[PDB]
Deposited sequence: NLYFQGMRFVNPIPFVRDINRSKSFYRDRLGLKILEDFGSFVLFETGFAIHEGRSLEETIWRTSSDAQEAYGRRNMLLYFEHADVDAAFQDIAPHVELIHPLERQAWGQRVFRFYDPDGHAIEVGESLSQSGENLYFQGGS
């Protein structure tokens, strides 16, 4: 929409140590589709993106030094049409936080880490 006025959230951009590691994780394990691959930055369909961390830190702050980028300060929330199939397909390849469990609000979700330690949730569709 060329005519949208005011503010629009476009993408979160978690920082990653290795763009190939991450790209392969999100595309091969989570089944995301690449919209555009710029090398150090990858945009996925459905509004997710990742960026090699040192290059983006230098762009923003003009300096960078580091611990894993995953820092228990955010959750990346995804939904899947068939959460049981997603769990079967993903769980063996990730470090789970917990298995597929009904939450207090009735939705079944599982939670796990990406290769950099960022926290991810995959829930059944709402």
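Residues of the deposited sequence with no modelled C-alpha atom fall in the ranges 66-67, 129-141.
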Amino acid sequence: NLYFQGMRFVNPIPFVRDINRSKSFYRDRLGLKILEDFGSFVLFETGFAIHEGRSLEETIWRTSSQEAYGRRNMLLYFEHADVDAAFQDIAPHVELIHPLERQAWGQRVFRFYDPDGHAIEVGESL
From here on, numbers count along this sequence of modelled residues.
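Higher average CA B factor: 36-44, of the stretches 49-57 and 36-44. Comparing 27-35 with 78-86, the stretch with the higher mean C-alpha B-factor in the PDB entry is 27-35.
Which of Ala119, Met7, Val122, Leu126 has the largest Cα B-factor in the deposited entry comes down to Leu126.
The deposited CA B-factor of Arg108 belongs to the middle third of values across its chain. Ranked by C-alpha B-factor against the other modelled residues of its chain, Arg71 falls in the middle third.
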